[PDB]
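Here are two versions of the same chain, shown separately as structure tokens and labelled structure 1 and structure 2.
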Structure 1
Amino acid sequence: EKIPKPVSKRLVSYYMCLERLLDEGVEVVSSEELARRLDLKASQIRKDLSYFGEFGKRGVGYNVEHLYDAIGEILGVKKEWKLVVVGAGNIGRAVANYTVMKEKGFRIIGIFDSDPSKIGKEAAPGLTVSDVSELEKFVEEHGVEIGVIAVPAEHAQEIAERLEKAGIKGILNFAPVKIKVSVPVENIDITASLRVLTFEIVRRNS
């Protein structure tokens, strides 16, 4: 157990870079080439990638496909992640019907709401809206890893606290508020994205 696993930030950088090389059609890449694309010392790259042994190598370079597969494996890309969605409104339902994430390994196995007129209706094929009163019990019983928050800002922090109390490991947050929890959070906010976009549009003017 001597050659060390590369640290997370490195692995993620390799992974995204290898992903580009794959889209480009590159089968073999050298450490020197990785050094230039990643702005990272070639000796470090070789040290890192030696973790994968001869399997990682093809010819005078590295097997782009082998490394993409192996690093993805370490990063949980081959894991089937279990999600729940809280909020069965516009956004929640859209996420429940977003089929392509299912291809990629993200499985929504429950969706919850507090509205009696929503509970019991189908949010998506094979997915029935459950009473949010059951959220903690369900997240614990099914070992749910990711909670998607799709409720209005007013109840987002409360929902987030219930999820982490129930053992959620990460949260994807669509509510227009910054949630404060111990677990990692990724936010999606179409308005924030639009503000970034429009700043860049205006910035082009000289």
Structure 2
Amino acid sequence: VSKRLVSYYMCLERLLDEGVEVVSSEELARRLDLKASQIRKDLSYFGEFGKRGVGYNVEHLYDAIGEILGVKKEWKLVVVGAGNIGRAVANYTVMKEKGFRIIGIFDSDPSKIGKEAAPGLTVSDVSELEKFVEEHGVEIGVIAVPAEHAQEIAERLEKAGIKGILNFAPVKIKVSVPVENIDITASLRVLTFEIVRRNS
């Protein structure tokens, strides 16, 4: 699955950066916090091409999963909201190195429009969001606006032809395009549930 494929990809990529050639299912099981039977079952999708002896060829799986995930493609991004989240994301320098290029950032606050959210990036007026998205063919919109305005902002991106939405606002966006939510509070909540379970 997508989340599981990405999890394998991040692990194997760190493994290649270290320089490791072969990784065992048990090392994968520990690194991914998964069962060794599931590690072998998931990776059996790549057949004997993904294995070297008892272990797994790190570069083969990394290249094969990178192909599935389409990691060679670059993506145009816009960030709606020049607040805490929007600026932190816009200033993540290596994001462009991973193939995700933020080319526009928008906000409805006159004090911040015209300011520099990041080197080479100027906050634009959210009134020009649809025009900017259609003109530049932006594929992914990053919603860093409040939860009340999130559905509206999402509708604006969808009407303007956005292909996907990365949503930081704590609300279930109702829209046709794929949405990936980063809910920091919910992630903290999920963590607490596991904390309560272990200390019960």
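Numbers given to residues start at 1 and step along the sequence of structure 1. Rigid core here is just the name for the largest C-alpha set that superposes within 1.5 Å across the two forms. Shifts are known only where both forms have a C-alpha.
Annotation: Cα of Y68 displaced by at least 2 Å between structures 1 and 2, core superposition. When the rigid core is held fixed, the Cα atom of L38 travels 2 angstroms or more between structures 1 and 2.
Rigid-body analysis between structures 1 and 2: the smaller part rotates 42° against the larger, C-alpha superposition. On the core-superposed pair, the CA position of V100 changes by 2.4 Å between structures 1 and 2.
Structural comparison between structures 1 and 2 after rigid-core fitting shows the C-alpha of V12 displaced 7.1 Å.
Taking the rigid core as reference, the CA displacement of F174 between structures 1 and 2 comes to 0.4 Å.
Core aligned; the single run of 3 or more residues with all CA shifts at 2 Å or more between structures 1 and 2 is 7 to 76.
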